[PDB]
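Working notes for the structure below.
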Amino acid sequence: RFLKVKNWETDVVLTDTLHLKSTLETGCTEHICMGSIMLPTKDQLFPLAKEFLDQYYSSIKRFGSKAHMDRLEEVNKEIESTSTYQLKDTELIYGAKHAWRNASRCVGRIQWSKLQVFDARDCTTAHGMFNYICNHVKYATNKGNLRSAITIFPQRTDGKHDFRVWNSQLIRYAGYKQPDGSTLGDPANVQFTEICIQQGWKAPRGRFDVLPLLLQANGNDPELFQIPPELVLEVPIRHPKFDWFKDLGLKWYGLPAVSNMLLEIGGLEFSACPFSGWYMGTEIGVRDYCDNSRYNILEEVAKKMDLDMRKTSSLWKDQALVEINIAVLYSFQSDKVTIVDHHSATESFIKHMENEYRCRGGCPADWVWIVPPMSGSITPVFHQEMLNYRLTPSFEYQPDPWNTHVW
Amino acid sequence: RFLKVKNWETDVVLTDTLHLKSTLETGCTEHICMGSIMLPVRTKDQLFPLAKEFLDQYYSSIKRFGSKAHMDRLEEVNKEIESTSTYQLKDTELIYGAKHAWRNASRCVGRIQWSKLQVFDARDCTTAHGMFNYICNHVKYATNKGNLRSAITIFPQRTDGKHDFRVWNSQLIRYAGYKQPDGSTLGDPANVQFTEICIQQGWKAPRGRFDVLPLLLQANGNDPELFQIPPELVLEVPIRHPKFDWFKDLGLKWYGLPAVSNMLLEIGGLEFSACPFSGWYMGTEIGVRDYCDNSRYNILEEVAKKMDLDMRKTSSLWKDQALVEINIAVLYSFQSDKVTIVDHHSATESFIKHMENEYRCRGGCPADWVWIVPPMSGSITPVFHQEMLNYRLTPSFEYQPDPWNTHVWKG
Ligand code: HEM
Ligand code: HEM
Ligand SMILES: CNCc1cccc(OCc2ccc3c(C)cc(N)nc3c2)c1
Ligand SMILES: CNCc1cccc(OCc2ccc3c(C)cc(N)nc3c2)c1
Ligand SMILES: C[C@H](O)[C@H](O)[C@H]1CNc2nc(N)[nH]c(=O)c2N1
Ligand SMILES: C[C@H](O)[C@H](O)[C@H]1CNc2nc(N)[nH]c(=O)c2N1
Ligand SMILES: [Zn+2]
């Protein structure tokens, strides 16, 4: 029950004890592994509060101190009275950083302690939310020198007063379904693009139209806001060898900022907590550009390369995939917009695993997500055994708002 | 209890009932997933239900469940167990067992082929020389002048664990590896330990970069003996690239016949510790892992140099670019020499169709995503976007310790 993990490229073996602190469940059993499945009250709240506070006061070397006990007492009192409780600023910041630390699917976690936390808990309106989000975006973008950030809106109370950002990312391109049958723009967003238009948005019906924010404060109907264009940094995608590449018409945004997840700290639920870092190249070039149910540009790019697309065994798809990802990295780098290639990021993650095993006793990690979608085994994480388990505080998935919202 | 998996590229949803038949354990708990851990003397006591479960499966597949033939067989095995503490499989049962072991192999992407398996019954074998003869015929049959045929050769089952048959080679055909005094390795670094054993056992090593290893064969618990596969039986392929003529000069070749010989076949509780099986290669097995793993031949550097790529920063993706050409060259060379092979696109597409079929005719298809997804270009193959359920069915192929670690030396 003190588990070992082996790197089969380097024979390095790490011992994991951290997993015994795990509370939440995996979806696996001794009879069946679900490792590749995408999505598996007052009395409830105080153990959760206590556990979080216990680990917080341990992290600041004040375990079993007056200040510890006093706070445990104080929150315990407050839970009894208000049926909920509030996080001290210090606890908020700790919780946020540690949620990221504990994100078993994030390869970028070597950066986990350098997170900028924006406390938006005083927010009351969608316009307010828009202002906080604009400041987030401007701060994180930093004229291309990106900085990790999170903006935390008021915690859930009775589920009828939820703060939600309806967009899946703060910045995403619209998706429209043509009469001719195909799809213009990003097919991942067709349903949301509809709901935007279905709510008032006037679409340019272009291929790369930045979606409007759809913001929901205190459980009210969500409101549309347009992000100032000057705050949305975009990178024109060109190849460093192929001059025809610019003519493909491709660009992407610099800021990956996920906005549909739920942040859980000490049992408190933050349904609206958009957070952002910077991209790994493959996220755009492999997934966003070449996934079949996305921009799926593979065929057109290969045709420009004049490859033998007759037989699959020419690996033309593979060739094109590489070149596309070469371009993406090259474009960002050229415009001094922060980006990391999958070799650099996976090497960082191994060093980070080392650090976490050494200073924390382990690092929960989901091999199925950590290994990049291209060139898997020539990255170090492929040969790295990983233990997946769920630590708290955490980022969790939550239902799409339109399925839930009582209009 | 029913269970659903979803393809996120196609939104196809499948329902698994087959996982209910699963007996063996996964390594996982509700509190931990061991899904990426590589590897997570049996008495009459526990053997009969294992026999009964197998025979129940067997007679179901032949639509004779509860027939007199079924019951008599059950009776027959029962008595034979308590009388002799083990039992023998019929030919039909052995063939069924082998095919289903492959069908149940959740880490194998090539199972669309599972029903076309040539089973060679080598249970009458008694000596290493007899093992060598059987293995020779396997290789010739399977190789078929390049038109590869799946085959498995099954040697006598374990009895008291003190008389095991084992093939000490991990594969029937593999290249030697030699550690040099300067710390570099000549040949295949994956086979250095086993090469050393062979040398110690009296093998005279040519000491080149592609020396086919001798067979080291153990019959009936005896010390293993060395044998050289006749070269004319070992089909090899010079690796060249269709556009890069300097590629031939890298000096690479590979053997055509992937034949794994270190695994254990379990059927109805019986253990077959020597059961070499072979198919044909998926290109990436050679082009990605065998050539480009840092701990293998590791040719990325030389290939990248020869292509004149910007090798100064990794963000140039010179590694990725070289990987692709190398895998192109492997496919090109094999197809040119009419030696059976399959690229990762074809094989993954076939697996999805197989898997879908298995869900409909069988109620499930256990699959290990970590192993099924190819080691390059993962997300542009359709298995990447496919949710999979991993669980263990019998008959099965199992890992077993390396024999040099467990063997009692007679002298
Ligand atoms: C700073 C650079 C960062 C990099 C390079 C990075 C990289 C990645 C990548 C490649 C994924 C795979 C996601 C996918 O394929 O869709 C991922 C997932 C994830 N990241 Fe990170 N990330 C970074 C920062 C952050 C930050 C600041 C947070 C939170 C504060 C975060 C939280 C997460 C979470 C929760 C997931 C999993 C989401 C899910 O389960 O769907 N990341 N990350
Ligand atoms: C006929 C063409 C076949 C193809 C293309 C194929 C393909 C593969 C590949 C690519 C792997 C992963 C190999 C690795 O990365 O080490 C694998 C694993 C495996 N294959 Fe197949 N295979 C074939 C035939 C067979 C046959 C005939 C058997 C047995 C009768 C078999 C049983 C297995 C087993 C048990 C594994 C898992 C090995 C392990 O757990 O370490 N395969 N196969
Ligand atoms: C579509 N894949 C499932 C899914 C659902 C919800 C959010 C998802 O986002 C993944 C994600 C989240 C955060 C990221 C951050 C902060 C940076 C980054 N480079 N990539 C990320 C990637 C993915
Ligand atoms: C050292 N890698 C783990 C390992 C240990 C023992 C056997 C292993 O076999 C993988 C395997 C087994 C059978 C294969 C067959 C029959 C065909 C094929 N193309 N590849 C195979 C690949 C792998
Ligand atoms: C750590 C990890 O389980 C290990 O490297 C696995 C990953 N997936 C694999 N998949 C295949 N097909 N072959 C392998 O050898 C491995 N190795
Ligand atoms: C079905 C499968 O689990 C699904 O495609 C996963 C696989 N691994 C992934 N890995 C990352 N980083 N991102 C993803 O969206 C996925 N999708
Ligand atoms: Zn699992």
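Residue numbers start from 1 in every chain, and the chains themselves are labelled A, B, ... in the order their sequence lines are given, proteins ahead of strands. The figures here come from the full heavy-atom set of this structure, side chains too, leaving out hydrogens, waters and symmetry mates.
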Heavy-atom nearest pair, B:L117 first then B:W114, reads CB-O, 3.9 Å
Open item on the list: Can you tell me how the ring of B:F132 sits relative to the ring of B:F227, calling it parallel under 30°, perpendicular over 60° and tilted otherwise?
Closed with: parallel
Taking the side chain as C-beta and beyond, is there a heavy-atom pair between B:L172 and B:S278 under 4.5 Å?
no
query = When the aromatic ring centroids of B:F384 and B:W369 are compared, is their separation below 6.0 Å?
reply = yes
Does a donor on one side chain sit under 3.5 Å from an acceptor on the other, for B:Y255 and B:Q171? yes
Please determine whether side chain to side chain contact (heavy atoms under 4.5 Å, CB included) holds for the pair B:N169 and B:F194, giving the CA-CA distance in whole Å, both sets of side-chain angles, and the decisive distance to 0.1 Å.
CA-CA 7 Å; B:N169 316 56; B:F194 174 77; 3.3 Å; yes
| Is it true that the side chains of A:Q319 and B:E325 contain a donor and an acceptor less than 3.5 Å apart? | yes
- Query: Is there a side-chain contact between B:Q335 and A:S313, using heavy atoms and a 4.5 Å cut-off?
  - Reply: yes
Residues B:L148 and B:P258: closest non-hydrogen pair is CD2-CD, 4.4 Å
TODO: Over 60° means perpendicular and under 30° means parallel, so classify the ring planes of A:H352 and A:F349, tilted if in between.
DONE: tilted
Check ion pair B:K248-B:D245 (N to O, under 4.0 angstrom):
yes
Checking the side chain of B:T195 only, and the main-chain atoms of B:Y178 only, is there a donor and an acceptor separated by less than 3.5 Å? no
Nearest heavy-atom contact between B:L216 and B:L226 is CD1-CD2, 3.7 Å
Item to complete: Output, in order, the C-alpha distance, side-chain angles, deciding distance and verdict of side chain to side chain donor-acceptor pair (under 3.5 Å) for B:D320 and A:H342.
Response: CA-CA 10 Å; B:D320 306 66; A:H342 49 282; 2.8 Å; yes
Which of A:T379, A:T10, A:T346, A:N7 passes side chain to side chain donor-acceptor pair (under 3.5 Å) with A:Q384? It is A:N7
> Using the ring of each side chain (for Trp, its six-membered ring), is A:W244 parallel, tilted or perpendicular to A:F242, with breaks at 30° and 60°?
Replying inline: tilted
- prompt: Run the side chain to side chain contact (heavy atoms under 4.5 Å, CB included) check on B:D211 and B:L213 step by step: do they pass?
  reply: CA-CA 6 Å; B:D211 308 336; B:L213 284 161; over 6 Å; no
Mind checking whether A:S375 and A:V286 have side chains closer than 4.5 Å, heavy atoms only? no
Query - Parallel, tilted or perpendicular: rings of B:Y297 and B:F210 (30°, 60°) - result: parallel
A:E385 side chain vs A:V5 backbone, donor-acceptor pair below 3.5 Å: no
Practice problem: Assess the side chains of A:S314 and A:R310: does a donor N or O sit below 3.5 Å from an acceptor N or O? | Solution: no
- Query: So, does B:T153 use its side chain to make a donor-acceptor pair with the main chain of B:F120 at under 3.5 Å?
  - Reply: no
Taking the side chain as every heavy atom from C-beta outward, state whether A:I237 and A:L248 have any pair of such atoms under 4.5 Å apart. no
* Do any N or O atoms from the side chain of A:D291 and from the backbone of A:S293 form a donor-acceptor pair under 3.5 angstrom? -> no
Practice problem: Return yes when atom NZ of A:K6 has more than 12 non-hydrogen atoms of other residues, nucleotides or ligands closer than 6.0 Å, and no otherwise. | Solution: yes
CG (B:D343) and OG1 (A:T312) are apart, to the nearest 0.5 Å, by 3.5 Å
Using the ring centroid of each side chain, check whether A:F245 and A:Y330 are separated by less than 6.0 Å. no
Considering only heavy atoms from C-beta outward, does the side chain of A:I378 approach that of A:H343 to under 4.5 Å?
yes
Could you check B:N262 against B:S170 for side chain to side chain donor-acceptor pair (under 3.5 Å), going step by step and ending with a plain yes or no?
CA-CA 5 Å; B:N262 57 5; B:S170 43; 4.7 Å; no
TODO: Keeping the roles fixed (side chain from A:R287, backbone from A:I284), state whether a donor-acceptor pair exists under 3.5 Å.
DONE: no
* To do: Indicate yes or no for a side-chain donor-acceptor contact from B:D337 to the backbone of B:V339 under 3.5 Å, with no hydrogens or angles considered.
  => no
CD (B:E9) and CG (A:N292) are apart, to the nearest 0.5 Å, by 4.5 Å
On a heavy-atom basis, the closest approach of A:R294 and A:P187 is O-CG, 3.2 Å
- So, the side chain of A:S331 versus the backbone of A:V328: is there a donor-acceptor pair under 3.5 Å, distance only? no
Self-check item: Exercise: do B:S106 and B:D368 side chains pair donor with acceptor under 3.5 Å
Solution: no
Original post:
Can B:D249 and B:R240 be counted as an ion pair, charged N to O under 4.0 angstrom?
Top reply: no
message: Quick one: does any side-chain atom of B:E285 pair with a main-chain N or O of B:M282 as donor and acceptor, under 3.5 Å?
response: yes
Distance col, row B:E236:CD vs B:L257:CG, nearest 0.5 angstrom, shows 11.5 Å
Problem - Within the 6.0 Å centroid threshold, strictly below: A:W252 and A:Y289 - result: yes
* Asked: Are any of the side-chain heavy atoms of A:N325 and A:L321 separated by less than 4.5 Å?
  -> yes
Intermediate values then yes/no, side chain to side chain contact (heavy atoms under 4.5 Å, CB included), B:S379 and A:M374
CA-CA 7 Å; B:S379 70; A:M374 70 175 283; over 6 Å; no
Separation between CG (B:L309) and CH2 (B:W318), nearest 0.5 Å, reads 8.5 Å
**Report entry** Exam field: side chain B:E349 to backbone B:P382, donor-acceptor pair closer than 3.5 Å
**Finding:** no
- Does B:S184 use its side chain to pair, donor to acceptor, with the backbone of B:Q180 at less than 3.5 Å? no
Rounded to the nearest 0.5 Å, the CG atom of B:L215 sits from the CD1 atom of B:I229 at a distance of 4.0 Å
| For A:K311, does the NZ atom sit with more than 12 other heavy atoms under 6.0 Å from it, leaving out its own atoms? | yes
Between B:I173 and B:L235, is there a side-chain heavy-atom distance shorter than 4.5 Å? no
Answer yes when A:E300 and A:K304 have at least one side-chain N-carboxylate O distance shorter than 4.0 Å, and no when they do not.
no
In this structure, CD of B:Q118 is separated from NE2 of B:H138 (nearest 0.5 Å) by 9.5 Å
inquiry  = Would you say that A:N145 contacts A:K336 through its side chain, given a criterion of any heavy-atom pair below 4.5 Å between the two side chains?
reply    = no
Note: B:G287 and B:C292 closest approach over all heavy atoms is O-SG, 3.3 Å
Scanning both residues in full, the closest heavy-atom pair of A:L329 with A:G281 reads CD2-CA, 4.0 Å
Note to self: Quick one, A:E299 with A:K317, criterion side chain to side chain contact (heavy atoms under 4.5 Å, CB included). Give me CA distance, side-chain angles, the key distance, then yes/no.
What the structure shows: CA-CA 8 Å; A:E299 1 199 10; A:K317 281 192 184 188; over 6 Å; no
